[PDB]
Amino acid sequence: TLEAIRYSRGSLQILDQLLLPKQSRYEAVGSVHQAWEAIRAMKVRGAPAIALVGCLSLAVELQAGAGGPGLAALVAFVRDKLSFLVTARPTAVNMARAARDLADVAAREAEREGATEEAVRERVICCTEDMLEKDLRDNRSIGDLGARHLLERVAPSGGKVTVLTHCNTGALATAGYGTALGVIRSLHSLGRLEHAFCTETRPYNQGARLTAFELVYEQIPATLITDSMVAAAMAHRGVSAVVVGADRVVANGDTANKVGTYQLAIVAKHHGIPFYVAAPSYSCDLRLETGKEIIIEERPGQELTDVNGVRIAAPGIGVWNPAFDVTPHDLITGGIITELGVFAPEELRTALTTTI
């Protein structure tokens, strides 16, 4: 029920992430330009969420009659709005991919027999609204499919589970419901969740800031720990499964995700508890054969040394601040949870491209 995106016809609202977690508050999004500025100010987080907010902000404009008149004028209007949206945060592909589809829909709904302005307007809007529902439904599917598979692996005879997660993959990283946190929501709904542990996820602290917030909001029994306590928690706090999200899963299942994920997979193996990656198919990059081919983005060292504008670390120390690490697929012992199902790493490539 936590919504980072609120949408109805003619009406788009977004939860302002900058104010979290002290305050939860929405901002009305009236125009494509407003969306662009919100995305850039980091009010909207998560590539799927960024894409939807931009596309829905176009749908809000169109519903108000913006664009046109004519068809070429309207299609041109749509294309310039979409292309402008792609410039907001090009750090990820979701917006660009959604922009093509909508541009194609509007062109594939600008070149028919007896084509007309109102038809283009309504159909572009409807696809955008279909995008939203599909993404929400797929997230729920990840949650339910992943929850079932995890339960069958860890407590098939009934009996609850204690899940540990990393970074933020919830409503605050997605259109809604989430991926790995979606699995936790689904387990809670089934009444099969004993407890959820979440790590701080240094240095950007999204587990402490956002995942903690989501868990408290949903009143899911939960505990925050430091990244350094993961091993202790598995040994002493009865952790029975690990579920994380993914920034990128490559063709063999190697998973780039927020740094510390690789470490989590190692410690889970040591304690013989299954490790799951939850990722929609559109987070799976079948071009790359292995994790070797991934460039690990490194971010500025001040983002590690400083918190809230105050330097914590000693002056002059060198810093290594990779944003992500890569988990080799042989440590993904639970499986890869997609909207299409749960797959062993070696199965992923063929499964995603030959099943619906």
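In this text, residue numbers run from 1 along the sequence as written.
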item	value
Entry-level comparison of average CA B-factors, 113 to 121 and 281 to 289, reporting the higher stretch	113 to 121
Mean temperature factor over C-alpha atoms, higher-scoring stretch between 47 to 55 and 325 to 333	47 to 55
Selection from 76, 229, 208, 268 [criterion: highest C-alpha temperature factor in the record]	76
Cα B factor band for residue 204 (lowest, middle or highest third within the chain)	middle
Third of the chain, ranked by Cα B-factor, where residue 238 sits	lowest
Chain thirds of CA B-factor: placement of residue 30	highest
Relative C-alpha B-factor of residue 213, binned into the chain's lowest, middle or highest third	middle
CA B-factor ranking of residue 82, expressed as a third of its chain	highest
